[PDB]
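Undergrad: Encoded as structure tokens, here's the structure I'll be asking about.
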Amino acid sequence: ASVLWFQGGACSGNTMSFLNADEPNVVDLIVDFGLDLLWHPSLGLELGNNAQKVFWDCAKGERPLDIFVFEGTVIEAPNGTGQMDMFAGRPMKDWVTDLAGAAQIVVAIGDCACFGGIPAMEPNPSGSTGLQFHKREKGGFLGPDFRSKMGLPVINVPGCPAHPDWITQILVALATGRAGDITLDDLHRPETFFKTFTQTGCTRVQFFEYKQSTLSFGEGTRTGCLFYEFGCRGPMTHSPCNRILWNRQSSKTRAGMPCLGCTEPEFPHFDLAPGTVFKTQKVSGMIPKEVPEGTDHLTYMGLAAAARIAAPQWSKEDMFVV
Amino acid sequence: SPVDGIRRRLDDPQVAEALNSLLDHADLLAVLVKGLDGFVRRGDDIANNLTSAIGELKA
Amino acid sequence: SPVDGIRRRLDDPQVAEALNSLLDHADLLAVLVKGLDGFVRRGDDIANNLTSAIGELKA
Amino acid sequence: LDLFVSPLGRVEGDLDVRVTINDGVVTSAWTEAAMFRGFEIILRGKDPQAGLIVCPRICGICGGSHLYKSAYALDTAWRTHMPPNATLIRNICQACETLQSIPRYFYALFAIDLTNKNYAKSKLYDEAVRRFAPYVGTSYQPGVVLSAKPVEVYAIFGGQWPXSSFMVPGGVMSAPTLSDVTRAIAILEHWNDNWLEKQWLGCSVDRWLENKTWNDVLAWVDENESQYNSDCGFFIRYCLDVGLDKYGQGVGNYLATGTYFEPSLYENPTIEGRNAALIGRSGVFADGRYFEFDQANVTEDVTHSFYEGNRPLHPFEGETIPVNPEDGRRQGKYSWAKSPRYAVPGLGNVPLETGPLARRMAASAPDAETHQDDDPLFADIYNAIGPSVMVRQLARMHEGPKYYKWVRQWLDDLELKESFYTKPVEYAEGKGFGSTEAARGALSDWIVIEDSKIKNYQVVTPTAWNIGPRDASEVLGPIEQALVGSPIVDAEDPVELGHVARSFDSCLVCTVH
Ligand code: FCO
Ligand code: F3S
Ligand code: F3S
Ligand code: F3S
Ligand SMILES: [Mg+2]
Ligand code: 3NI
């Protein structure tokens with residue numbers, strides 16, 4: 001299975017995260033799983049005209065392209081020319097058009113590629129967009145109706161960056177005959193990773209249940225949930241970040257950092273407008289503006305009051321102790 | 001225009017009378033919403049008061 | 001004109017003060033109406049939750 | 001022969017290199033950073049801490065460095081207090097990201113070019129291919145695989161790597177537990193034993209750090225078979241055999257902003273107190289002389305960059321106003337990289353090479369305080385054989401043992417019962433300068449907070465220093481001058497251009513942001 005991994009408006013964080021892959025690690029994925037990595041800007045040996053030969057052979061159908069991985073945004077500026085992202089003699093968006101049209105499967109890795117991500121933040125100087133989404137709005141660069149040659153839409157492996165498993169396990173599934181096991185949600189994300197929430201497996205959910213808030217960073221995060229004071233988007237964000245830990249160690253929320261909802265197409269949420277960074281926007285100083293997914297403010301607040309009343313003593317004390 | 005129609009409704013003697021009576025008691029509405037804002041902003045305190053009250057009945 | 005009269009009431013210092021306080025806590029009113037909209041749009045779910053709860057007490 | 005190489009990959013982003021070749025030697029070079037995201041534009045008007053989220057996204061491999069310096073930019077802007085544990089965690093995570101970068105870059109990005117057919121006549125070529133071939137090289141696979149371990153340490157403290165924002169004004173978000181520190185130590189020791197010492201060095205880190213002269217390094221290579229056949233010993237021998245010590249010299253002038261604060265010396269971050277608090281010392285090495293780094297001397301020129309502007313701007317007054325590359329090329333602009341220049345007295349606004357070599361030169365400066373990196377090795381190497389692809393790479397690799405030792409000690413220094421965060425006052429106004437040495441060199445944020453919003457946010461990345469285009473005086477950037485003089489055996493595969501550009505560990509996503 002040939003893989004061509006291109007980077008548009010990328011920071012290469014998805015590649016670096018991918019390189020952190022374990023079980024399989026990246027080398028075993030590239031070699032031992034029958035995935036022929038034709039080229040990758042961070043890893044491909046070919047430069048210049050040899051690299052362009054590889055790209056053109058993929059684009060024109062001279063050689064098969066099974067998986068086109070795209071990382072980074074599709075940069076369309078200036079004026080829709082895409083010249084703020086010139087790659088191998090073309091605007092990167094033209095490469096995207098050709099290769100997405102050539103690939104059996106197109107995988108957008110990372111929010112930039114999936115939805116536009118950080119570069120698509122206003123004022124979006126690069127005219128960045130995702131492959132098939134611009135933020136939540138379906139269509140992105142390739143259009144809502146784009147399908148790869150295997151009939152799939154762009155497989156969106158979101159995250160900023162995506163966790164290595166979010167892509168590697170998909171690649172293994174494709175390589176092991178389990179492509180049919182891959183189900184995609186409405187954002188084209190693999191449901192095997194994105195039916196759960198970041199909160200799922202968060203070490204602070206018991207504090208969340210009892211509405212015990214982390215009050216401060218550092219040692220303050222030895223207790224409490226980050227939802228109330230730090231804008232944790234865990235309960236509104238689909239991800240397996242607390243199921244499949246980052247770097248096989250931790251997750252933002254475990255570590256005391258609020259989930260920024262990076263697997264969600266709106267990321268960065270509120271465009272990091274003043275007062276929204278590591279803060280919970282609240283109505284009347286006590287009602288969160290955004291409640292967990294599938295809850296309403298009325299029920300959520302009633303249950304929150306009940307939980308605060310029922311909260312056991314340990315939920316009010318440090319638990320992630322030295 | 002639909003906005004023109006809301007201005008047209010505002011002209012209605014009966015609508016106007018009711019809107020005037022609402023603005024006569026707008027202070028009471030303001031105070032009840034302020035009271036609710038207060039209650040909400042002290043909801044944590046009231047929850048701690050109910051926790052200490054239940055905790056007494058527990059002991 | 002009756003609409004002119006509502007504009008006249010708006011000028012009133014006390015009416016204005018109350019309307020300003022209402023617009024101060026308008027976020028609370030918005031969130032409570034959004035909470036109600038949420039509760040209504042998930043009313044079927046809450047009804048299914050009460051059905052499963054009563055159905056447990058039935059068994 | 002005008003040769004346009006596009007893409008020149010394995011530089012973490014979009015790079016094209018134009019070279020004029022005469023008699024098989026590059027006589028002039030243009031580096032063209034080809035991809036622009038405009039994060040400085042995006043950050044304007046955002047939350048003052050938006051940099052902690054956005055700046056790591058400038059780059060995947062060195063986002064932790066971005067986070068480090070953005071956090072310190074806020075710490076200085078807001079006059080925060082940094083608990084020593086927070087400083088230690090920041091140091092540990094910055095250094096761990098660098099320790100990940102060192103092998104990951106060396107094997108995945110740089111050393112595979114050692115398998116180029118241009119070296120087929122070398123007696124070491126078969127071994128070079130066995131070791132460094134992409135994805136199958138016997139040194140490539142363990143080096144790349146184990147490169148993920150140091151950022152496991154990063155994730156222990158920051159939740160994840162890449163893309164944590166856990167370094168915040170006033171400290172870090174996290175509260176390490178005992179098992180966090182013990183596991184971080186175990187991960188670091190395992191990585192050191194299995195890659196750094198077993199594979200890279202073939203000896204202990206201590207034995208390597210005993211090398212104080214170039215002759216010491218050569219004696220170390222020949223000392224025993226383990227060091228001789230180590231990746232380091234083999235790399236040195238390969239460089240000397242194939243001529244990687246003979247080109248890529250570059251400017252010979254270096255900028256290190258330094259990083260790794262001594263916790264007791266930077267508890268209250270200020271711009272003015274920054275240099276004294278550094279462990280990895282700042283320092284400018286220009287015209288064979290040492291100068292103190294001063295951020296006030298930093299300008300960015302956009303004369304040949306795709307930005308509007310007519311004078312070099314100190315980043316506090318920096319602007320990022322893109323021009324259409326078609327128009328810019330009509331004006332002689334050829335790169336999305338700005339041209340960072342440093343005002344050195346008696347030299348004007350000069351290009352300075354950033355990176356591990358710059359750091360090693362800075363570490364060779366006199367008058368090091370006790371907490372500071374005092375290492376004469378690369379002063380001696382610079383005086384003995386001068387800069388080159390080999391020497392630049394050796395500086396990078398030399399940081400491995402040194403930073404490993406620092407990280408191990410910092411992990412021991414953590415006082416787990418003590419604070420990791422002092423809640424700062426989020427002032428509506430402030431001017432912050434945060435700087436660090438990312439793996440590739442001086443990374444700096446100049447932030448201006450006004451009205452509780454980001455008024456200005458200017459990032460100057462190390463590769464911008466290195467790969468930034470000619471300034472208004474047409475003075476080539478460090479990578480451009482390093483390319484000049486490079487032999488070109490095969491214009492169809494001009495691997496020497498790759499050797500020079502990648503010896504800087506060029507990161508083009510950082511270059512442009
Ligand atoms: N290292 C690194 Fe990235 C670059 N250049 C930054 O800073
Ligand atoms: S990791 Fe980087 S490539 Fe985009 S998805 Fe996040 S900014
Ligand atoms: S339970 Fe965890 S995911 Fe966030 S909302 Fe609380 S810290
Ligand atoms: S910010 Fe992203 S990486 Fe996971 S913890 Fe939240 S979905
Ligand atoms: Mg900049
Ligand atoms: Ni980088």
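How things are named: the first chain in the structure tokens is A, the next is B, and so on; residues count from 1 in each chain; ligands count from 1 in the order shown.
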Within 7 Å of ligand 5 (counting only C-alpha atoms and all ligand atoms), which residues show up? I'd like them as a PyMOL selection string.
TA: chain D and resi 40+338+458-461+512-513
Undergrad: Leaving out segment 16-22 of chain C and any residue of its chain fewer than 2 positions from it, which residues lie within 10 Å of it when counting only C-alpha atoms, given as a list in words?
TA: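 My list of contacting residues is residues 23, 24, 25, 26, 27, 28, 29, 30, 31, 32, 33 and 34 of chain B; 9, 10, 11, 12, 13, 14, 24, 25, 26, 27, 28 and 29 of chain C.
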Undergrad: Let me see the file: selected residues, C-alpha atoms, as a PDB file, in the first residue's frame.
TA:
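After the write, selection_4.pdb holds the following:
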ATOM      1  CA  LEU B  23     -42.035  49.383  31.791  1.00  0.00           C
ATOM      2  CA  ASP B  24     -43.924  50.608  34.886  1.00  0.00           C
ATOM      3  CA  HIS B  25     -42.837  47.432  36.741  1.00  0.00           C
ATOM      4  CA  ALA B  26     -39.486  47.059  34.919  1.00  0.00           C
ATOM      5  CA  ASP B  27     -37.831  47.921  38.294  1.00  0.00           C
ATOM      6  CA  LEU B  28     -39.461  44.767  39.822  1.00  0.00           C
ATOM      7  CA  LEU B  29     -38.360  42.690  36.796  1.00  0.00           C
ATOM      8  CA  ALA B  30     -34.839  44.204  37.100  1.00  0.00           C
ATOM      9  CA  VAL B  31     -34.729  43.412  40.866  1.00  0.00           C
ATOM     10  CA  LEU B  32     -35.991  39.834  40.368  1.00  0.00           C
ATOM     11  CA  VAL B  33     -33.331  39.169  37.653  1.00  0.00           C
ATOM     12  CA  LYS B  34     -30.704  40.880  39.913  1.00  0.00           C
TER      13      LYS B  34
ATOM     14  CA  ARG C   9     -41.028  55.897  29.143  1.00  0.00           C
ATOM     15  CA  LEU C  10     -37.558  54.712  28.010  1.00  0.00           C
ATOM     16  CA  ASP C  11     -36.238  58.232  28.765  1.00  0.00           C
ATOM     17  CA  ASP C  12     -37.544  57.992  32.381  1.00  0.00           C
ATOM     18  CA  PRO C  13     -34.429  57.707  34.697  1.00  0.00           C
ATOM     19  CA  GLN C  14     -36.024  54.873  36.791  1.00  0.00           C
ATOM     20  CA  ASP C  24     -26.742  43.736  32.605  1.00  0.00           C
ATOM     21  CA  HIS C  25     -28.115  40.280  33.527  1.00  0.00           C
ATOM     22  CA  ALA C  26     -29.320  39.590  29.967  1.00  0.00           C
ATOM     23  CA  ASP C  27     -26.650  36.865  29.730  1.00  0.00           C
ATOM     24  CA  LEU C  28     -28.375  35.061  32.652  1.00  0.00           C
ATOM     25  CA  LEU C  29     -31.744  35.410  30.930  1.00  0.00           C
TER      26      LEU C  29
END
Undergrad: Hey, which residues sit close to ligand 3? Say within 9 Å, counting only C-alpha atoms and all ligand atoms, and write them as a VMD selection string.
TA: chain A and resid 197 to 209 211 213 to 214 224 to 228 230 to 237 241 to 242 252 to 254 256 to 259 292
Undergrad: Okay, now the selection with N, CA, C and O atoms, as a short mmCIF file (atom, residue, chain, number, x, y, z; two decimals), in the first residue's frame?
TA:
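The result, written out as selection27.cif:
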data_model
loop_
_atom_site.label_atom_id
_atom_site.label_comp_id
_atom_site.auth_asym_id
_atom_site.auth_seq_id
_atom_site.Cartn_x
_atom_site.Cartn_y
_atom_site.Cartn_z
N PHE A 197 -15.07 10.59 24.65
CA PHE A 197 -14.75 12.02 24.83
C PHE A 197 -13.35 12.11 25.39
O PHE A 197 -12.87 11.14 25.93
N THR A 198 -12.77 13.29 25.35
CA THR A 198 -11.49 13.41 26.05
C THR A 198 -11.74 13.02 27.51
O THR A 198 -10.93 12.42 28.10
N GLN A 199 -12.91 13.41 28.00
CA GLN A 199 -13.19 13.16 29.44
C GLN A 199 -13.17 11.65 29.72
O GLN A 199 -12.99 11.27 30.85
N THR A 200 -13.42 10.87 28.70
CA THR A 200 -13.53 9.41 28.90
C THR A 200 -12.16 8.89 29.35
O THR A 200 -11.29 8.80 28.54
N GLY A 201 -12.04 8.57 30.62
CA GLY A 201 -10.77 8.05 31.12
C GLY A 201 -9.97 9.16 31.76
O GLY A 201 -8.89 8.93 32.23
N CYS A 202 -10.54 10.35 31.76
CA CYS A 202 -9.84 11.45 32.44
C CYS A 202 -9.72 11.09 33.92
O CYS A 202 -10.63 10.55 34.45
N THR A 203 -8.58 11.36 34.51
CA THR A 203 -8.38 11.05 35.94
C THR A 203 -9.20 12.01 36.81
O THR A 203 -9.18 11.83 37.98
N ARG A 204 -9.84 13.00 36.21
CA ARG A 204 -10.55 14.01 37.05
C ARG A 204 -12.07 13.89 36.94
O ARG A 204 -12.74 14.69 37.50
N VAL A 205 -12.54 12.85 36.26
CA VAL A 205 -14.01 12.76 36.07
C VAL A 205 -14.72 12.64 37.43
O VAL A 205 -15.82 13.09 37.55
N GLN A 206 -14.10 11.98 38.40
CA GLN A 206 -14.82 11.89 39.68
C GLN A 206 -14.99 13.30 40.25
O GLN A 206 -15.99 13.56 40.86
N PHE A 207 -13.97 14.13 40.09
CA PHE A 207 -14.11 15.52 40.56
C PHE A 207 -15.19 16.20 39.72
O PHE A 207 -15.94 16.96 40.25
N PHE A 208 -15.20 15.91 38.43
CA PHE A 208 -16.25 16.49 37.55
C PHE A 208 -17.61 16.05 38.08
O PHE A 208 -18.48 16.87 38.19
N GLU A 209 -17.75 14.78 38.37
CA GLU A 209 -19.05 14.23 38.81
C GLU A 209 -19.52 15.00 40.04
O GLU A 209 -20.69 15.26 40.13
N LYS A 211 -18.45 17.96 40.87
CA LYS A 211 -18.36 19.39 40.62
C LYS A 211 -17.31 20.03 41.52
O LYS A 211 -17.51 21.11 42.06
N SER A 213 -13.81 21.73 41.58
CA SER A 213 -13.00 22.38 40.54
C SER A 213 -11.54 22.48 40.90
O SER A 213 -11.21 22.77 42.03
N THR A 214 -10.72 22.23 39.91
CA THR A 214 -9.31 22.59 40.13
C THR A 214 -9.37 24.12 40.20
O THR A 214 -10.08 24.69 39.39
N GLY A 224 -9.36 18.09 41.67
CA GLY A 224 -10.32 18.86 40.90
C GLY A 224 -10.37 18.55 39.44
O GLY A 224 -9.45 17.96 38.92
N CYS A 225 -11.43 19.02 38.82
CA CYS A 225 -11.57 18.88 37.38
C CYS A 225 -11.36 20.28 36.76
O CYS A 225 -11.68 21.25 37.41
N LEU A 226 -10.85 20.32 35.55
CA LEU A 226 -10.47 21.63 34.95
C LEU A 226 -11.63 22.28 34.22
O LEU A 226 -11.44 23.28 33.58
N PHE A 227 -12.78 21.66 34.28
CA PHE A 227 -13.89 22.15 33.44
C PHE A 227 -14.37 23.51 33.90
O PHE A 227 -14.76 24.29 33.08
N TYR A 228 -14.41 23.69 35.19
CA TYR A 228 -15.10 24.88 35.71
C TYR A 228 -14.28 26.15 35.70
O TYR A 228 -14.87 27.19 35.59
N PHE A 230 -10.88 26.29 34.14
CA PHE A 230 -9.86 26.34 33.10
C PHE A 230 -10.41 26.02 31.72
O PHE A 230 -9.63 25.81 30.79
N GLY A 231 -11.71 26.00 31.57
CA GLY A 231 -12.25 25.86 30.21
C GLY A 231 -11.97 24.51 29.60
O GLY A 231 -12.05 24.38 28.41
N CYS A 232 -11.76 23.52 30.45
CA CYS A 232 -11.59 22.16 29.89
C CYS A 232 -12.74 21.82 28.94
O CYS A 232 -13.88 21.89 29.34
N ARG A 233 -12.41 21.46 27.72
CA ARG A 233 -13.46 21.05 26.76
C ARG A 233 -13.62 19.53 26.74
O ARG A 233 -14.30 19.04 25.88
N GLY A 234 -13.00 18.86 27.69
CA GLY A 234 -13.07 17.39 27.75
C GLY A 234 -14.46 16.84 27.49
O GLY A 234 -14.58 15.95 26.70
N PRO A 235 -15.49 17.29 28.21
CA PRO A 235 -16.82 16.73 28.07
C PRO A 235 -17.53 17.15 26.79
O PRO A 235 -18.61 16.71 26.56
N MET A 236 -16.91 18.02 26.02
CA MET A 236 -17.53 18.46 24.74
C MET A 236 -16.64 18.04 23.58
O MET A 236 -16.88 18.50 22.49
N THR A 237 -15.65 17.20 23.86
CA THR A 237 -14.66 16.90 22.82
C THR A 237 -14.53 15.40 22.63
O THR A 237 -14.24 14.73 23.56
N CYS A 241 -8.24 10.65 24.12
CA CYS A 241 -6.98 11.13 24.75
C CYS A 241 -6.73 10.54 26.13
O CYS A 241 -5.61 10.46 26.54
N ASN A 242 -7.82 10.21 26.80
CA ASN A 242 -7.67 9.61 28.15
C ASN A 242 -7.88 8.11 28.09
O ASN A 242 -7.78 7.49 29.11
N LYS A 252 -3.38 15.78 28.32
CA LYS A 252 -3.42 17.14 28.89
C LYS A 252 -4.18 17.13 30.21
O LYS A 252 -3.69 17.65 31.17
N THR A 253 -5.37 16.57 30.18
CA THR A 253 -6.24 16.72 31.37
C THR A 253 -5.63 16.03 32.58
O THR A 253 -5.72 16.55 33.65
N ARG A 254 -5.11 14.85 32.36
CA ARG A 254 -4.43 14.19 33.49
C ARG A 254 -3.35 15.12 34.04
O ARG A 254 -3.28 15.28 35.23
N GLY A 256 -3.15 18.18 34.15
CA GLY A 256 -3.61 19.45 34.66
C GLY A 256 -3.84 20.50 33.60
O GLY A 256 -4.15 21.64 33.95
N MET A 257 -3.69 20.15 32.35
CA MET A 257 -3.99 21.12 31.30
C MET A 257 -5.38 20.89 30.76
O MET A 257 -5.72 19.75 30.42
N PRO A 258 -6.19 21.94 30.62
CA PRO A 258 -7.49 21.73 30.04
C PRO A 258 -7.42 21.21 28.62
O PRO A 258 -6.59 21.58 27.87
N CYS A 259 -8.37 20.35 28.32
CA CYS A 259 -8.48 19.95 26.92
C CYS A 259 -8.93 21.19 26.15
O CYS A 259 -9.82 21.87 26.60
N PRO A 292 -21.58 19.99 29.17
CA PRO A 292 -21.11 18.80 28.47
C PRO A 292 -22.04 18.41 27.33
O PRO A 292 -23.22 18.75 27.31
#
Undergrad: Could you tell me how far atom CA of residue 176 of chain D sits from atom CA of residue 319 of chain A, in Å to one decimal place?
TA: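 Separation between atom CA of residue 319 of chain A and atom CA of residue 176 of chain D: 12.1 Å.
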Undergrad: Within 10 Å of chain A, which residues belong to chain B? Use only C-alpha atoms and report them as a compact mmCIF listing (two decimals) with N, CA, C and O atoms, in the first residue's frame.
TA:
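Saved file result_24.txt follows:
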# COMPACT_ATOMS: atom_id res chain seq x y z
N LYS B 34 -31.89 40.61 39.05
CA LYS B 34 -30.70 40.88 39.91
C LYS B 34 -30.68 39.88 41.07
O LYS B 34 -29.61 39.36 41.35
N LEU B 36 -31.94 36.90 41.07
CA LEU B 36 -31.58 35.60 40.46
C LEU B 36 -30.07 35.57 40.19
O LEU B 36 -29.44 34.58 40.53
N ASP B 37 -29.54 36.64 39.60
CA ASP B 37 -28.08 36.76 39.37
C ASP B 37 -27.37 36.59 40.70
O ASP B 37 -26.46 35.77 40.74
N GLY B 38 -27.82 37.29 41.74
CA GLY B 38 -27.23 37.12 43.06
C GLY B 38 -27.33 35.69 43.49
O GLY B 38 -26.31 35.14 43.89
N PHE B 39 -28.50 35.09 43.36
CA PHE B 39 -28.67 33.71 43.85
C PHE B 39 -27.71 32.81 43.10
O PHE B 39 -27.06 31.98 43.73
N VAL B 40 -27.61 33.00 41.79
CA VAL B 40 -26.70 32.18 40.96
C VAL B 40 -25.26 32.45 41.38
O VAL B 40 -24.54 31.48 41.61
N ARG B 41 -24.89 33.71 41.58
CA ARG B 41 -23.46 33.98 41.89
C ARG B 41 -23.14 33.52 43.30
O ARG B 41 -21.96 33.40 43.61
N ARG B 42 -24.15 33.28 44.12
CA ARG B 42 -23.88 32.73 45.47
C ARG B 42 -24.40 31.29 45.55
O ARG B 42 -24.59 30.80 46.67
N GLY B 43 -24.60 30.66 44.41
CA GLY B 43 -25.10 29.27 44.37
C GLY B 43 -24.15 28.32 45.05
O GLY B 43 -24.61 27.38 45.69
N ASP B 44 -22.85 28.55 44.88
CA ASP B 44 -21.84 27.69 45.55
C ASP B 44 -22.00 27.82 47.06
O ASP B 44 -21.96 26.80 47.74
N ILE B 46 -24.70 28.66 48.67
CA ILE B 46 -25.98 28.06 49.13
C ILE B 46 -25.80 26.54 49.11
O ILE B 46 -26.35 25.87 49.99
N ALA B 47 -24.99 26.03 48.19
CA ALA B 47 -24.72 24.58 48.11
C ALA B 47 -23.90 24.18 49.33
O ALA B 47 -24.20 23.13 49.91
N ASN B 48 -22.92 25.00 49.71
CA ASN B 48 -22.11 24.71 50.92
C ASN B 48 -23.00 24.79 52.16
O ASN B 48 -22.75 24.03 53.10
N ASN B 49 -24.00 25.68 52.16
CA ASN B 49 -24.94 25.82 53.31
C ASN B 49 -25.80 24.56 53.40
O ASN B 49 -26.09 24.14 54.53
N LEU B 50 -26.21 24.00 52.26
CA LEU B 50 -27.07 22.79 52.25
C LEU B 50 -26.20 21.59 52.60
O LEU B 50 -26.74 20.63 53.15
N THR B 51 -24.92 21.66 52.29
CA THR B 51 -23.98 20.55 52.58
C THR B 51 -23.75 20.52 54.08
O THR B 51 -23.81 19.43 54.65
N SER B 52 -23.52 21.68 54.69
CA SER B 52 -23.30 21.75 56.16
C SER B 52 -24.60 21.39 56.89
O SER B 52 -24.50 20.76 57.95
N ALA B 53 -25.75 21.75 56.33
CA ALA B 53 -27.05 21.41 56.95
C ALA B 53 -27.28 19.89 56.91
O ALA B 53 -27.64 19.32 57.95
N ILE B 54 -27.10 19.27 55.74
CA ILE B 54 -27.26 17.80 55.59
C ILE B 54 -26.20 17.11 56.45
O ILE B 54 -26.54 16.14 57.13
N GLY B 55 -24.97 17.65 56.47
CA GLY B 55 -23.87 17.07 57.26
C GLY B 55 -24.17 17.11 58.74
O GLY B 55 -23.62 16.26 59.47
Undergrad: Please give me, as an MDAnalysis selection string, the residues lying within 10 Å of ligand 6 when counting only C-alpha atoms and all ligand atoms.
TA: (chainID A and resid 11:13) or (chainID D and resid 11:13 56:66 101 438:441 443 461:463 505:513)
Undergrad: Using only C-alpha atoms, which protein or nucleic acid residues come within 10 Å of residue 178 of chain D? Drop anything in the same chain fewer than 2 positions from it, and give the result as a list in words.
TA: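 Returned residues: residues 320, 321 and 322 of chain A; 175, 176, 180, 181, 182, 183, 184, 414, 415, 416 and 417 of chain D.
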Undergrad: Just N, CA, C and O atoms for this one: save the residues we selected as a short mmCIF file (atom, residue, chain, number, x, y, z; two decimals), in the first residue's frame.
TA:
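Result file part-v7.cif:
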data_model
loop_
_atom_site.label_atom_id
_atom_site.label_comp_id
_atom_site.auth_asym_id
_atom_site.auth_seq_id
_atom_site.Cartn_x
_atom_site.Cartn_y
_atom_site.Cartn_z
N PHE A 320 -3.91 13.50 43.29
CA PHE A 320 -2.68 13.24 42.54
C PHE A 320 -1.51 13.77 43.35
O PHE A 320 -0.86 14.76 43.03
N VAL A 321 -1.28 13.08 44.45
CA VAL A 321 -0.31 13.49 45.45
C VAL A 321 1.06 12.97 45.04
O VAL A 321 1.20 12.04 44.24
N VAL A 322 2.09 13.59 45.61
CA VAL A 322 3.45 13.18 45.34
C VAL A 322 3.64 11.71 45.68
O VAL A 322 3.17 11.25 46.72
N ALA D 175 1.49 19.15 38.11
CA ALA D 175 1.95 18.94 39.47
C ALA D 175 2.55 17.54 39.49
O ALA D 175 1.86 16.56 39.80
N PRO D 176 3.81 17.41 39.12
CA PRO D 176 4.43 16.08 39.04
C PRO D 176 4.29 15.33 40.35
O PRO D 176 4.35 15.91 41.43
N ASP D 180 5.83 10.22 38.59
CA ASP D 180 6.18 11.00 37.40
C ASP D 180 7.68 11.18 37.30
O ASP D 180 8.28 10.92 36.26
N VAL D 181 8.31 11.61 38.39
CA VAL D 181 9.74 11.89 38.36
C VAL D 181 10.54 10.61 38.22
O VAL D 181 11.51 10.55 37.46
N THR D 182 10.16 9.57 38.97
CA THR D 182 10.90 8.32 38.87
C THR D 182 10.78 7.73 37.47
O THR D 182 11.76 7.22 36.92
N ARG D 183 9.59 7.79 36.88
CA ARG D 183 9.42 7.30 35.53
C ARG D 183 10.19 8.15 34.53
O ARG D 183 10.76 7.62 33.58
N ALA D 184 10.19 9.47 34.71
CA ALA D 184 10.97 10.33 33.83
C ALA D 184 12.45 9.98 33.91
O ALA D 184 13.13 9.89 32.89
N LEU D 414 14.18 18.43 41.45
CA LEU D 414 12.77 18.68 41.72
C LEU D 414 12.48 18.45 43.19
O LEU D 414 12.87 17.43 43.76
N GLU D 415 11.82 19.41 43.81
CA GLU D 415 11.41 19.32 45.21
C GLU D 415 9.90 19.15 45.16
O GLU D 415 9.15 20.12 45.06
N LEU D 416 9.46 17.89 45.20
CA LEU D 416 8.09 17.57 44.79
C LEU D 416 7.05 18.20 45.70
O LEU D 416 5.92 18.44 45.27
N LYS D 417 7.40 18.47 46.95
CA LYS D 417 6.47 19.11 47.87
C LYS D 417 6.30 20.59 47.58
O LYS D 417 5.37 21.20 48.11
#
Undergrad: Report, in Å with one decimal, the straight-line distance from atom CA of residue 472 of chain D to atom CA of residue 24 of chain D.
TA: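 Value for the atom CA of residue 472 of chain D-atom CA of residue 24 of chain D distance: 28.6 Å.
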